[PDB]
Amino acid sequence: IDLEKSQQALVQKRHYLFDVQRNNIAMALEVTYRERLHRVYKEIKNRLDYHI
Amino acid sequence: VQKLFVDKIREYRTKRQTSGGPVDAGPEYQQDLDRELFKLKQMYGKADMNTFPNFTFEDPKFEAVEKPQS
């Protein structure tokens, strides 16, 4: 019973690490997205801020 | 004192005849407006007139995990 349930609960542990990998790389790519937009949003004010 | 009311408007109109900024600046207004123009740029930054944002970002490299299992 245990050697059956050792492989049973293992494959539910194998699929947990692929849910965690699929959202981590999807989010860590996404955190650089608006941060690329933020710096251009930053720079377009600073050239306006210098003139005013 | 409406006789003083006319006499500070009429010597305000004389100031409205201007050619190049200050009337009696000399070395005074030329040095001060240049000393102050640096200080609005000195601790602020080096910025041109119209240059857009020019850069490039690199994201985190997605490494893999090795796992002999079962």
# chains A, B, ... in the order shown; residues from 1 in each chain; ligands from 1

$ interface_residues --of "chain A" --to "chain B" --cutoff "9 Å" --atoms "only C-alpha atoms" --output "PDB file with N, CA and C atoms, in the first residue's frame"
ATOM      1  N   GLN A   7       4.478   6.247  -5.142  1.00  0.00           N
ATOM      2  CA  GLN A   7       4.541   6.716  -6.522  1.00  0.00           C
ATOM      3  C   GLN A   7       3.292   7.505  -6.885  1.00  0.00           C
ATOM      4  N   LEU A  10       3.827  10.998  -5.435  1.00  0.00           N
ATOM      5  CA  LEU A  10       5.013  11.603  -6.042  1.00  0.00           C
ATOM      6  C   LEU A  10       4.663  12.353  -7.317  1.00  0.00           C
ATOM      7  N   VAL A  11       3.782  11.787  -8.142  1.00  0.00           N
ATOM      8  CA  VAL A  11       3.500  12.400  -9.435  1.00  0.00           C
ATOM      9  C   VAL A  11       2.566  13.592  -9.269  1.00  0.00           C
ATOM     10  N   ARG A  14       5.333  16.037  -8.702  1.00  0.00           N
ATOM     11  CA  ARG A  14       6.083  16.381  -9.906  1.00  0.00           C
ATOM     12  C   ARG A  14       5.391  17.483 -10.697  1.00  0.00           C
ATOM     13  N   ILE A  25       8.357  32.468 -14.672  1.00  0.00           N
ATOM     14  CA  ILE A  25       9.010  33.038 -15.848  1.00  0.00           C
ATOM     15  C   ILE A  25       8.033  33.911 -16.634  1.00  0.00           C
ATOM     16  N   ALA A  28       8.236  37.162 -14.382  1.00  0.00           N
ATOM     17  CA  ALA A  28       9.534  37.835 -14.359  1.00  0.00           C
ATOM     18  C   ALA A  28       9.860  38.463 -15.709  1.00  0.00           C
ATOM     19  N   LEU A  29       9.294  37.919 -16.787  1.00  0.00           N
ATOM     20  CA  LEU A  29       9.352  38.600 -18.076  1.00  0.00           C
ATOM     21  C   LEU A  29       8.416  39.800 -18.092  1.00  0.00           C
ATOM     22  N   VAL A  31       7.559  41.713 -15.514  1.00  0.00           N
ATOM     23  CA  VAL A  31       7.956  42.803 -14.625  1.00  0.00           C
ATOM     24  C   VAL A  31       8.903  43.758 -15.346  1.00  0.00           C
ATOM     25  N   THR A  32       9.564  43.282 -16.401  1.00  0.00           N
ATOM     26  CA  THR A  32      10.477  44.142 -17.141  1.00  0.00           C
ATOM     27  C   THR A  32       9.707  44.906 -18.217  1.00  0.00           C
ATOM     28  N   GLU A  35       8.413  48.293 -16.796  1.00  0.00           N
ATOM     29  CA  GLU A  35       9.631  48.947 -16.330  1.00  0.00           C
ATOM     30  C   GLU A  35      10.447  49.469 -17.509  1.00  0.00           C
ATOM     31  N   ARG A  36      10.342  48.805 -18.665  1.00  0.00           N
ATOM     32  CA  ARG A  36      10.803  49.407 -19.911  1.00  0.00           C
ATOM     33  C   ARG A  36       9.957  50.627 -20.271  1.00  0.00           C
ATOM     34  N   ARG A  39      10.668  53.873 -17.726  1.00  0.00           N
ATOM     35  CA  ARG A  39      11.847  54.711 -17.902  1.00  0.00           C
ATOM     36  C   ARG A  39      11.663  55.687 -19.061  1.00  0.00           C
ATOM     37  N   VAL A  40      10.933  55.275 -20.100  1.00  0.00           N
ATOM     38  CA  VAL A  40      10.583  56.200 -21.176  1.00  0.00           C
ATOM     39  C   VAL A  40       9.533  57.194 -20.696  1.00  0.00           C
ATOM     40  N   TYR A  41       8.603  56.729 -19.853  1.00  0.00           N
ATOM     41  CA  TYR A  41       7.669  57.627 -19.176  1.00  0.00           C
ATOM     42  C   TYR A  41       8.407  58.573 -18.243  1.00  0.00           C
ATOM     43  N   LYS A  42       9.499  58.101 -17.638  1.00  0.00           N
ATOM     44  CA  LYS A  42      10.327  58.958 -16.797  1.00  0.00           C
ATOM     45  C   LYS A  42      11.042  60.018 -17.629  1.00  0.00           C
ATOM     46  N   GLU A  43      11.565  59.629 -18.795  1.00  0.00           N
ATOM     47  CA  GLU A  43      12.479  60.503 -19.521  1.00  0.00           C
ATOM     48  C   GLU A  43      11.724  61.583 -20.282  1.00  0.00           C
ATOM     49  N   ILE A  44      10.465  61.315 -20.647  1.00  0.00           N
ATOM     50  CA  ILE A  44       9.702  62.285 -21.431  1.00  0.00           C
ATOM     51  C   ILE A  44       9.201  63.422 -20.543  1.00  0.00           C
ATOM     52  N   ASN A  46      11.253  64.520 -17.896  1.00  0.00           N
ATOM     53  CA  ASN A  46      12.453  65.193 -17.410  1.00  0.00           C
ATOM     54  C   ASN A  46      12.973  66.202 -18.427  1.00  0.00           C
ATOM     55  N   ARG A  47      12.741  65.945 -19.714  1.00  0.00           N
ATOM     56  CA  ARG A  47      13.075  66.935 -20.731  1.00  0.00           C
ATOM     57  C   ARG A  47      12.035  68.045 -20.767  1.00  0.00           C
ATOM     58  N   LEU A  48      10.803  67.735 -20.363  1.00  0.00           N
ATOM     59  CA  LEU A  48       9.810  68.779 -20.152  1.00  0.00           C
ATOM     60  C   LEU A  48      10.081  69.532 -18.853  1.00  0.00           C
ATOM     61  N   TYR A  50      12.951  70.114 -17.375  1.00  0.00           N
ATOM     62  CA  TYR A  50      14.099  71.007 -17.495  1.00  0.00           C
ATOM     63  C   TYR A  50      13.710  72.322 -18.157  1.00  0.00           C
ATOM     64  N   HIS A  51      12.749  72.289 -19.081  1.00  0.00           N
ATOM     65  CA  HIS A  51      12.418  73.502 -19.817  1.00  0.00           C
ATOM     66  C   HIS A  51      11.481  74.401 -19.019  1.00  0.00           C
TER      67      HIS A  51
END
